[PDB]
């Protein structure tokens, strides 16, 4: 089991950490959501699906910088909503193919009432999302840590 972003940035068998740069809607209105959809950038696969089934959760999610200060949010994992920062571990998603499939995580972030102007700065750390992988074969229990950075500024009008 291993993961990557499609520009080639990989986290190999056994886990590790990687950085992900996300394009963000440059204008987000109060009352509406900034959607940081990591399922369009983070992909994973099972290396031996004929023998082993892999199980993948969102173990931990938290916000940083302007996301932490200027937005409040939830995280959707595999079709369901959870508080952000996360509390419980999510249900597992099964990975059973050598063909990469997305890690189905997205943040839904709405500006706080006092937000206005440049609310997220280009280059800043905005989130850390941790994927936990286990399987039905042995005791492997690996963390894939995704450090999420803003590729661009986000402005909240007014």
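Residue numbers count along the first chain shown, from 1. We call the rigid core whatever largest set of C-alpha positions still superposes within 1.5 Å between the two forms.
- In 6 other deposited structures of this protein, superposed on the rigid core, the segment with the larger root-mean-square CA displacement between 128-136 and 113-121 is 113-121.
- Between the stretches 109-117 and 52-60, it is 109-117 that shows the larger average CA temperature factor.
- Mean C-alpha B-factor is higher over 90-98 than over the other stretch, the pair under comparison being 118-126 and 90-98.
- Between the residues 20, 145, 25, 10, it is 10 that shows the highest Cα B-factor in the PDB record.
- Note on the listed residues 133, 32, 46, 40: the highest Cα temperature factor in the record is that of 46.
- Placement of the Cα temperature factor of residue 82 within the chain: middle third of the modelled residues, per the deposited record.
- Ranked against the other modelled residues of its chain, the C-alpha B-factor of residue 154 as given in the entry falls in the lowest third.
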